[PDB]
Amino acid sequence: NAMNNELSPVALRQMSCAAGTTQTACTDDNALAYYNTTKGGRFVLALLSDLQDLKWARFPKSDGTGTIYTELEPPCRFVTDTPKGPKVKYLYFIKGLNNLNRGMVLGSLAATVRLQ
């Protein structure tokens, strides 16, 4: 049968985390992060927040030895249909995220938040 393809069991969850414009400006739960469940620590894909000018993000290490900081891409503006009126949110990509994982964020976003 030629070759063999197999998709590993990967799941996309979300969690509250800190973010900001400076290294120190990252403070308690100002955004929501999209991450991947992988054995070699968590792989954060994108950030979703209500702020327009964010550059850094903090995450506690999976083992617990310390903290990690990640650079953010320029945000992508989009609108969600919220029952209490449409709300505008800002979506931040990881500074070095490839277009493949970018699509995963979009498919997960359209499935976890009400778009358009």
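For every residue, the number given is its place in the sequence shown, counted from 1. Under this definition, the rigid core comprises the largest set of C-alpha atoms superposing within 1.5 Å between the forms.
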Practice item. Between 10-18 and 90-98, pick out the one whose C-alpha positions differ more from the shown form in 4 other deposited structures of this protein, using the rigid core for superposition. Key: 10-18
Point to revise | Which of 45-53 and 80-88 strays further in 4 other deposited structures of this protein - Cα RMS after rigid core alignment | key: 80-88
Point to revise | Per the entry, higher mean C-alpha B factor between 21-29 and 8-16 | key: 21-29
Review point. Looking at the entry, does 38-46 or 66-74 show the higher mean C-alpha B-factor?
Key: 38-46
Review point. When the modelled residues of the chain are sorted by Cα temperature factor, does residue 3 land in the lowest, middle or highest third?
Key: highest
Review point. Against its chain's modelled residues, does residue 89's Cα B factor rank lowest, middle or highest third?
Key: lowest
